[PDB]
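Only one chain comes next, encoded as structure tokens, the form deposited in one PDB entry.
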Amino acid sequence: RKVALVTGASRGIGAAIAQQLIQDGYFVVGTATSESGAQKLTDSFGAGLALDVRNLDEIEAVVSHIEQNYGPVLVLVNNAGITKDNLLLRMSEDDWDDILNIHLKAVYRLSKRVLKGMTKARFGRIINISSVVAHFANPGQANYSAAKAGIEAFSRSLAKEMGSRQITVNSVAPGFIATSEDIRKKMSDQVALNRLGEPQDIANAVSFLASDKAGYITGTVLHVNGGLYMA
């Protein structure tokens, strides 16, 4: 069983991805911010670990541990949902740094860390979860938008570098995903499919990318937003 590591697995999009990767035949390590969260994950499967994506030493702890115990990480899903929206005039340095750290830096550190296993193995999937706001301006989301756009760019670069070693690096960019009724309808009017998304939709795409069926897809953003944004 190739092992797959899914950060932010406790709920929503992350939970759906970890479950789906189980069904796909992967042994799945899901992580959560606190130890309450990691044990549930242990239960939902039958391995969860607590990880703060902001800390380098924790990241080194978890990955080093997994390679000893289960096997080298061969599918890495970087998923994070935390937001700290504010208009720029009201957005603090801490508000900026936190979101940049949790979304973008974490992708750099974990992607850097797993390369070794993937390179030896002749096989690798790094799948980064971005968002449609990387491309759609929404106010109060300066920090979140920038982080997600940075992840997509990062993925393209990393895809060039590691392609020789048969490792694919892609981003999946969810649209309006479910998780005020008027706010909901205004979001819906924009989507061509005329509805909001569900985490299963993202899990389905990540599963595809994670499989042998997507061995020739790399350096791409796969959009899953029902026509909200086309490109």
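Throughout, we count residues from 1 along the sequence that is shown.
The same protein also has a form deposited with a small molecule bound, omitted here; what follows describes it.
Among 32, 29, 167, 205, the residue placing a heavy atom within 4.5 Å of the small molecule in the bound PDB entry is 32. Not displayed here, the small molecule is kept clear of residue 194 by more than 4.5 Å at the level of heavy atoms in the bound PDB entry.
Using a 4.5 angstroms threshold between heavy atoms, residue 11 counts as touching the small molecule in the bound PDB entry. With a 4.5 Å cutoff on heavy atoms, residue 48 does not count as touching the small molecule in the bound PDB entry; it lies far away.
Under a 4.5 angstroms non-hydrogen atom cutoff, the small molecule in the bound PDB entry lacks residue 70 among its neighbouring residues. For a residue to qualify, one of its non-hydrogen atoms must sit within 4.5 Å of the small molecule in the bound PDB entry; none of 2, 118 and 123 qualifies.
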